[PDB]
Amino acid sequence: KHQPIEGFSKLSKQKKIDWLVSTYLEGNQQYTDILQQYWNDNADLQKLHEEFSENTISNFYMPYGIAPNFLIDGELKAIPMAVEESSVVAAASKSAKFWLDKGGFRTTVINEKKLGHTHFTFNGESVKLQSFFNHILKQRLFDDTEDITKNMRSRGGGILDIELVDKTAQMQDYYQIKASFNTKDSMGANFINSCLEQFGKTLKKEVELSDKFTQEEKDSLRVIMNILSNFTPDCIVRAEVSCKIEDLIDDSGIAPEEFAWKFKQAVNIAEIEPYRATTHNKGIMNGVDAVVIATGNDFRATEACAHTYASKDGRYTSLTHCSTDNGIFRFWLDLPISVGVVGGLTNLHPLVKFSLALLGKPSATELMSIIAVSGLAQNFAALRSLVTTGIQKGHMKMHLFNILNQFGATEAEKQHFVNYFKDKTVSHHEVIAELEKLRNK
């Protein structure tokens, strides 16, 4: 019978905690100490870290790690990573080391197109709305946003294009004003939503003022919502590694052609089996999200975007692909991702500042490259590990059953050898010596 707390957010941090610990933790001061042991000693810094979210009562430590020696487009970077899962940072470092002398990582930033929509309904003829949009309203939508977009346009960005989309086949009377945006180094959410909110104002007002619509048709115009889309398939970058198959050298002594083919097979499984692609893509995001967090960006957005992209052709599939044509190994990731490097409240987080300074003050597109590299290297590490374990183990077992089949061993004899070599290693001499003992008493 806990009682609800009124006015919780107005309470001081200390009174929030006293109530919390009394109500749910039996007044045990040890839970209070656990909250306070993560507080920063410095008053201003602690206050700063209580202004990103709301009702903050402590700091959740996420490990801040470094994976060094990433050769990215000819430059050697150390990548900061904030992630709680073990082996993620070590795998990143191991992939960077692997590719350091095999061409490193190369990226192509394809496009930086972000999207938003005014969703609305309208009961009149679609073609009258289209005609009005094409000849009048579209220009008026740019005009009424000139003040909103002045700063961004002086930075090189702005509204790239505006479209009317007839969605009436999906939902009765449903239309969109669909716009694309360049927000430069900003994540862009406030800029986009501000444009979209003015779009809805201009749409409703211009339709009401036009002689082309009946008053019934005007009254039917209703904006549902003005909101950006986190699906940005044209804000996207390719990260890629490539070398000659013969140069895929691993200290595990595995043949490079065998490794190349088994690696490609692991990628193909994720391309055709959705239950594998989910885990495979999750591995990519281990790398992506660790850098998204370290640079103060929104990983729900990068997750929602990447996994939507993974299903965009009608089947949930792998975000990475691989070819082994003509003696060349290629492995690449097309990662749609929207990030910012200025203008966010989280750009005030000092470790976000550290991350951006560490990476060389990257532009948004340069950070897109860095994050896509981190995802590619993480996926590479997982698959390289999964395929080279299967080569290490099967080498001794396949050696054994071929000797036994060359010697025509019975199934009972084959059984006895499985027991005998459970802990022992498989030598060509030892197998034959033991078979000689068994058959000749």
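One rule holds for the numbers: they count along the sequence shown, beginning at 1.
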Of 132 to 140 vs 229 to 237, the stretch with the larger average CA B-factor in the entry is 132 to 140
Assert higher mean C-alpha B factor (248 to 256 or 113 to 121, deposited values) equals 248 to 256
Of the residues 105, 332, 213, 191, the one whose Cα carries the largest B-factor in the deposited record is 213
One of 69, 402, 36, 378 has the largest Cα B-factor in the entry, namely 402
Assert third(CA B-factor, residue 80) within chain per record equals lowest
Here the Cα B-factor of residue 45, set against its chain, lands in the third termed middle
Quick tally, chain-level thirds of C-alpha B-factors: residue 64 sits in the lowest
Among the modelled residues of its chain, the C-alpha B-factor of residue 262 falls in the third labelled highest
Sorting the chain's modelled residues by C-alpha B-factor and splitting them into thirds places residue 151 in the highest
